[PDB]
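Residue numbers (the numbering used here), protein chains in the order written: chain H, 1 to 301; chain P, 1 to 112; chain F, 1 to 371; chain L, 1 to 21; chain W, 1 to 383; chain V, 1 to 196.
Note that the Cβ used here is the ideal one computed from N, Cα and C, for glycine as well.
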Amino acid sequence: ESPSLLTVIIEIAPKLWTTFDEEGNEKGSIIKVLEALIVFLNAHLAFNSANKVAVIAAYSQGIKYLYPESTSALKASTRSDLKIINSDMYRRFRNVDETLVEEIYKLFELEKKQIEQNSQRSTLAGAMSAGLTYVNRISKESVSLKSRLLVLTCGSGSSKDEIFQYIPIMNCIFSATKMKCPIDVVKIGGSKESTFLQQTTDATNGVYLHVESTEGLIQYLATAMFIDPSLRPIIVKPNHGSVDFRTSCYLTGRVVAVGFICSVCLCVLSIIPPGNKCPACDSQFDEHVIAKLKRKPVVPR
Amino acid sequence: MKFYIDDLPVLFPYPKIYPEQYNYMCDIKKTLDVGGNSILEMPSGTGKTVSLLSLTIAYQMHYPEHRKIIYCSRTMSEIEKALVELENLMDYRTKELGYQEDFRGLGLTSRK
Amino acid sequence: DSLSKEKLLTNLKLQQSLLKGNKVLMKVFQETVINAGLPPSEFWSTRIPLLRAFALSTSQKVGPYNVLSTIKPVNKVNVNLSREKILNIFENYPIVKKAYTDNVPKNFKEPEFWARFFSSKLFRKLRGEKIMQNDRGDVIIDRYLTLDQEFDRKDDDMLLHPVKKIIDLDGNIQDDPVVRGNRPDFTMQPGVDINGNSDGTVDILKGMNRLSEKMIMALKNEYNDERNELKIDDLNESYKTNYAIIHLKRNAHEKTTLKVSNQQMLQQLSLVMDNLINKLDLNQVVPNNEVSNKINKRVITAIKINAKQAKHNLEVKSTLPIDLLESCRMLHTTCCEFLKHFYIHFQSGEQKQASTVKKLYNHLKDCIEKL
Amino acid sequence: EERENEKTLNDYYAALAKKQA
Amino acid sequence: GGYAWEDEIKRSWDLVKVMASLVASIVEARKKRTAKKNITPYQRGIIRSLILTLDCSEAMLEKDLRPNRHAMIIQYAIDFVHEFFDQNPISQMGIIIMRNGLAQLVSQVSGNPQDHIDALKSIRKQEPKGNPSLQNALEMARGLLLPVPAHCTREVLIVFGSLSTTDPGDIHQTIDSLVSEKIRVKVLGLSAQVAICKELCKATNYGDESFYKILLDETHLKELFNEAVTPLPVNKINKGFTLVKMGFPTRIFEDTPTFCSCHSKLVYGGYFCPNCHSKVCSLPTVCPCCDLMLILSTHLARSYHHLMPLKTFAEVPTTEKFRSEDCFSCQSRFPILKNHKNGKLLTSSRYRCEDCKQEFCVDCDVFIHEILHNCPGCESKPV
Amino acid sequence: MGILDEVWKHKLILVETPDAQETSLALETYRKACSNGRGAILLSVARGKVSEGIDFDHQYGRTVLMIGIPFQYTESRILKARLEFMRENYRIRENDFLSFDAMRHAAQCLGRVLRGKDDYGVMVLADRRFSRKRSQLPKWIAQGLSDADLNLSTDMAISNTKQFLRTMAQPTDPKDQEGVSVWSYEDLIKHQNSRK
Ligand SMILES: [Zn+2]
Ligand SMILES: [Zn+2]
Ligand SMILES: [Zn+2]
Ligand SMILES: [Zn+2]
Ligand SMILES: [Zn+2]
C-alpha cells in the first residue's frame, strides 16, 4: 500500500561476538546473523518495489554505513566486484547484498587493523541516532514515506547494562515518537532482561525479541520483525515480558522504588545523599525539607 | 565616564553617551573658549540638560578662572528637573572623585 | 485575608453555595460526610483550590468606568438597564444612590425612579451635557441637584492635594507674582455670554476631569523618586542576567541487583574472513523443520498472551446492573476518600492530630467491614 | 430527586450549627 | 499647473528596472545563526506550573488576524497545550480567560492535557466580549499558584490582545504581590507595547525586559508560542533546591476491569502506585490516594535535554581541508556549490561539532539540534 | 454628538483647566492613568501651561495629536502692532512671523515628548497648512519627516501608526546600535582618534 524504509542498526563487535562464540556450542555466529540479515533485507525489498533499505554497523571505534556505500566509493567504482554472492539472482537484491558484504569486508579489515586498542565505549546509541537522521533525510527528501528501525544487538552474557546509554537512547525514543518510526530490537545473548532497549521498543510501538541461538534467525525476522509500518495498527505485537519503565538510582545503582529526585538536574536517588548535597548538580539543600522527609510518620499509642 | 575634550576633563554621569551630546559639548567648549554668544539646537530625546550641566560644571572646576554659571529656564518645573539632573551629576562627581568638593547649587523662585 | 486556608475552611455559607452549585459533589458529600461521618474540615482540607476558585468566581468586581456614557437611547425609544449597570451607577455616582435611598423605599418604586432620573436635568449634568433652562427635567430629582453640587466641592475636598515639583503648574503660574503684562485675549480665556458670565462649558470640563480623577482615586484602596524619573534609561548599562549555571557529573553507579584475549579475538575474526570469502551460501538460513516449529510455537504463545492482554483496553460497558454498579461506585468513592484523608494525615505527621488519624483508621476498618 | 438530598443537607447543616453553638 | 490626472501617464510599466547569486541567500542565514552563537547550559526549572491567560474582549474581534484573534489564539493555545505537555510532562497547567472585566477559570490546575484541550474547545464556541482586566486575572493566577510547592517554579503566561485594561484596584500592589511570591510573568501582546505589561514583565522577571513579546505576523506567533514551552532559566538568588518524593508506578495488565482511584470508573488498564497500591488512569499525575507524584522514566528523559543543551554547530571555512565529502550521519553529498569557475569554492555546507570534530549537513544541523538531542559523532567517539 | 462616548470606553478624558491647581491635579491623574495601563488622553492647548516645561516621556506620550496649526488671534491689535514694528525695523514679513510663531509652538509641543533614544511616539499634525511649512520645523523633525508623509488622510495615517507601533515594540539588536546611535567609552576614544 505505502512504501517504507527499513534501517538496520546492527551492532558488530568482535569482543561481543567472540564471547557469544565461546558461550555457544557453534562458532562463527556473525556469519549466521549476517546471512539472516541479508535474507531479511531481500525479503523486505521483495515486500514492495519502492521500499528502501539502510544498514549501520556499530563497531568498537564508532559507526559505519553499509548500504548505501560511501559515496566516494560509489563514484570511483575502479573495480571491486568480489564474488561473494552469485550474480544470477534478482538484480535489486544483488546490488544491496554485494554492497553490504563489501562493506562488511572493508569494516572487518579496518577493525583488524585497529585490533590493538580495546574500547570500553559502545557505539550503539550513536548508530541509532545516525539511523534516525537517515530516517529524517529519507522522509523529508521524498514526498510521504513510512519508516522503521531494526537493532541487532548482542550482549553475549558479558556486556551488562550501561549507564551512559541511558541519556542518548532515551532522546532517540522521543525523536522516533516524533516521526512515528518504530524501533525494533533483536537481542542475541544470555542476558534475558535488557532494560533500556525494552523501554525503547515499548515506547516506540515496536517489538522486542530476545533469542538465544543464532541459527534459525530468519524465521524470527520474517515472522515477528516483518511488521511493515503500513500494517502496524492491525497487527498485535508478539512482545512478551512487558517492561516496567523504571530507572536506576545514582548513588546505589539499584532499581528504584518510591524515591527522591532533585529539582535541579532530575537525577534519581533511592536514598538521601550524604552531606545534604546532590551528587550530580552539586546543589546545596536546605535542612528543613530533608528533615521533614527523614522524619517518621505518626501513630498513636 | 571620564573623558577629555582638548585639555578639559569631563565627568559624564552615565556609562554611555550619545554622539549628539559629544558634538554639543565640543561646540559649547569652543564657544566658551572663543567667547561671544551662540544659539544651539539639541534634538529632544538626547540628554541636553545633563550634558550641558556636565561640561559647564567641568569647565568651571578645571579652569582656574572659576566662572560662575547662570542657568535660565522658562519654568519652575524645568528648574526642578535641572536641579535633579544637577543632583545626579554632583553625586556621580563625588563618587568618582571620592570627595565632596566646595559646591553650592540653589534654585530660585517666588515666596509662594 | 479572606483567601487564607482557615477562612475557606470556616466559610460555611461559601461551602453551602458551592454544594448548591456542584452536582457530583452532592453525591460525594452525601455518601461521605452525611453518612460515614467525616468532619467538614477534613473533607474541605483537600479541596481548598475548588473553594478558592468558587470564591474568586464571585468575589471579583469590574473596574470603574463611565457608566452614564454607555446609556444612550436605542416615536418610542428604549434603554436597557442591567443590574451590573445599576451597581456601577451607584458606585461611580453617590448622588444617584443618595436619591435611591430616600426615594425608592418611600414614595415611588424603582423603574419609576429610573425613568424620572433619565428624564431629569441631573442625568444631563452628570453625563456632561450643557444644562439648558428650556428643558423641564424632573421636579423630584432636581432638588438633589444643588446637593450634588455640594458633593462636587466635597470631591475637591478629597482631591486637592499637593503634588511634586516636577509637574507643579501652580508653581508655574506663581513663579513670579508681579506679572502684569498683556492680558490674554478671549481666545485664551474661557468663553462668556453676552452678559459676561460663563457659558458653562468649563463646568463640564471640570466635571469630566473630576470623573477621571474619581475613577483613578477609586483604585487606591485596600483591594527621591524624581531622580528615578529624570534619569535616562538608555545611557545606563544594559541588564546583565544573573541566571545560575549548573554542571552535571556523569559518575553514576553501575546497575546492581568474561575476559577474552586478543589472539582468540583475531583468530575468530580470521575464521570469519575465510568463511566470508569462499562461499556465502544464503540457503543455509532455512531451519530444519524442528527449530522452525519451536520458534513458531514460541511466537504463537507470545502473541496469544499479547492478544489476550490487548483484546480490550467514557467507561467501558459492564454486565453489572445500574443500581449495583452505582452502589459499588459510591462505596469505592468513599473508601478512596477515606484512604486519601488517612494517607495525607499519616504523612503530614503531626502528633497532635495523630489520634484523629486513628479515628480514620477505625473508619478504614469499617470500610473493610463495609466491603 | 435532589430536593430531598438538599433538604437533608440543610437539616445536617442546621444540626451542625446547633452543635458548635 | 493643472489637475493631477491630466499631467502625464503614470508609466507603471517603466518603473521596474532590470555567478555568486547564492551568497546573498547565505549571508542572511549566517546573520540568523550569528544570534545563536553564544550558548551555555543555563539552569532551568523543569517542574513548572503555568497559568495561561487568554484575552476575550471586544478588542479580540479585530480582523487584522485572519479569521479573528479569538479563534486563532484559541487554536494556537490548543497547540501550545499539546506541545507544553509533550515537552514538560510533569508540569501543571491552568487556563484563565479575561471576559467582561471578569477573570473566568475554565480549567483547574492539573497535569492532564486533555482537560485543557476540552476547556479550550468549549471556549472556542463562545464569542468574546467585554473590557479586559489584568488585575483580576493576575489575582486568580496568584490564588491558583498559592498551593503549588516551592520546588515548582510558578509561571503565568498572558496573551493580552487589548491595549487598555480596567482594574478594580491598584495593579502595582498586585505586581508587588506577584514579585513577593516569586511568580514570573511573560506577556505576549498582540498590538503594541502597553506600559503596565512591560513593567509587570520587568518586575516579575528580576529586571529582564525581554519577557514582553510583541509579534509581527502569523508565523511569529507560532515562533513565540514555540519559544514559550521551554522552561524559564532560574536566577542565582533562588535557593529552593528541594528534593521531591515520587514513585514510579507499574503498568498492570488485567482482563477484568476495575475501579480507578482518580475517576471512580471502569478502566481496563492502569498504573499501580508503588506507595499505596492504588491504580491511576493517566500519567504523570499526583496519586489521588497518597499525594505522591507518579511519573515514568521517559517523563524525566523528555525534559532531561534542557539540562545540557548541545553546543551549536560551526560552519567550516571553505579554505580548510574537508574531513569528509559525505555527511557523518546520512552521507549526504556535500554540494561543491561552484557558482562559477572564477567564483571558486564558496559557502561549503559542512557543519562541524566541537566535541567530536565531525561534519554534518544543514539537514542534520536542523535535526540534531531540535528533534534529536544527542550528536551521533559524540556517541560514536570511544571516550 | 457622542464622539467622546466612544473615547470613554478606551481612555479616560482629562482636560486642562485655567485654574492651575485643577490642571496640575489633572496632569498627575493623567500620569497615574498612563502608569497603570488604564489609558488616558490629555486635551490641552498649545500656548497654555501644559505645553511649556511639562514632559511626556516614555508611556506618557505615545501619541501627540496636534489639532491644527496654533496661530494666534490675528485681529488683536497687539499682534498686528508687533508685526508692523518688526516689518518696519527687522524687515520680517507678517505672514512669515505668524508662521514662525505657530510653528515654534507646534515644534515645542512635538519636542516635549522624546526623552531617551528608546522612546517612541507619533507626532500627527491635523491641518492642511502644515504641509507647506515643513522647512520651518526643526531639522531633526524635518529629517524624520519623509517626503511621502506630507498629505496623509485619516485611514492610512491609522495604518502607518499601527505599523510603527508594531515595529517599535520589538527588542532592537544591540549590534545595530553599539556605535552608531550610542557610544561607550572606547567608542568615544576611537571617534576622537579618528577625528585627530
Ligand atoms: Zn541535582
Ligand atoms: Zn498512591
Ligand atoms: Zn483517570
Ligand atoms: Zn546529514
Ligand atoms: Zn558531536
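- Counting only runs of 3 or more residues that sit fully inside the region 271-355 of chain W, no beta strand (DSSP E) segment turns up.
- Under the 10 Å beta carbon count, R99/W is surrounded by 16 or more other beta carbons and is classified as buried.
- Rounded to the nearest whole angstrom, the CA to CA distance from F90/F to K97/F is 5 angstroms.
- With contacts defined by Cβ atoms closer than 8 angstroms, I96/W and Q108/W do not form a contacting pair.
- In this structure, DSSP gives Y73/V a state outside helix and strand, which the three-state scheme calls coil.
- Between ligand 1 and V289/H, a heavy atom-to-CB distance of less than 7 angstroms is absent.
- Identification of residues in the region 95-115 of chain H having a C-beta nearer than 9 angstroms to some C-beta of chain F yields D97, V101, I104, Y105, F108, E109, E111, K112, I115, given in sequence order.
- Going down the chain, each residue whose beta-carbon is closer than 5 angstroms to a heavy atom of ligand 5 shows up: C353/W, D355/W, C356/W, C375/W, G377/W, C378/W.
- At least one heavy atom of ligand 2 falls within 7 angstroms of the beta-carbon of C289/W.
- Taking non-hydrogen atoms of ligand 2 into account, the C-beta of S278/W is found less than 7 angstroms away from one of them.
- Checking the 7 angstroms criterion, the Cβ of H70/W is out of range of every heavy atom belonging to ligand 3.
- When C-beta distances to chain W are compared with 7 angstroms, the residues of the region 218-230 of chain F below that value are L219, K220, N221, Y223, in chain order.
- The Cβ of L9/F sits no closer than 8 angstroms to any Cβ of chain L.
- With a cut-off of 7 angstroms, the C-beta of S110/W is classified as distant from ligand 3, since no heavy atom of the ligand falls inside that distance.
- According to the DSSP assignment, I188/H belongs to the beta strand (DSSP E) that extends over 183-188.
- C-alpha of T242/W to C-alpha of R47/F: approximately 25 angstroms in a straight line.
- Annotation for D96/V: the continuous alpha helix (DSSP H) segment containing it runs 94-111.
- The Cβ atoms of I47/W and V81/W do not sit closer than 8 angstroms to each other.
- Near chain V, meaning a CB-to-CB distance below 8 angstroms, the residues of the region 9-21 of chain P are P15, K16, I17, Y18, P19.
- As computed with DSSP, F3/P is found in a beta bridge with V10/P.
- Nearest in C-alpha terms to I95/F, of all of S318/F, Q347/F, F123/F, is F123/F.
- Contact between the region 246-263 of chain F and the region 260-280 of chain H is present: three or more C-beta pairs spanning the two stretches fall below 8 angstroms.
- For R87/V, none of the residues of chain W pass the 9 angstroms Cβ criterion, the least Cβ distance being about 31 angstroms.
- Think of a sphere of 8 angstroms around the beta carbon of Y208/H: no beta carbon from chain W falls inside it, the nearest being about 15 angstroms out.
- Cβ neighbours of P297/H within its own chain (closer than 6 angstroms, five residues either side excluded): none.
- Under the three-state reduction of DSSP, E62/W is assigned to coil, being neither helix nor strand.
- In the structure shown, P231/W adopts coil according to DSSP, grouped into three states.
- Residues of chain V whose Cβ lies closer than 8 angstroms to the Cβ of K249/F do not exist, since the nearest Cβ in that chain is about 35 angstroms away.
- Around the beta-carbon of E84/F, fewer than 16 other beta-carbon atoms lie within 10 Å, marking it exposed.
- Residues of chain V whose Cβ lies closer than 8 angstroms to the Cβ of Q193/W are, in chain order, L165, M168, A169.
- Classified as exposed, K236/W has fewer than 16 neighbouring CB atoms from the shown chains inside 10 Å of its CB.
- Taking every protein chain shown into account, the CB of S181/V has fewer than 16 other CB atoms within 10 angstroms, so this residue is exposed.
- Per DSSP, the continuous beta strand (DSSP E) segment holding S4/H begins and ends at 4-11.
- The set of residues with CB atoms less than 6 angstroms from any heavy atom of ligand 3 reads, in chain order, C260/W, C262/W, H263/W, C281/W, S282/W.
- A direct Cα-Cα distance of roughly 7 angstroms separates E94/V from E84/V.
- Contacts between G47/P and chain F, judged by CB atoms closer than 8 angstroms, involve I232, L235 in chain order.
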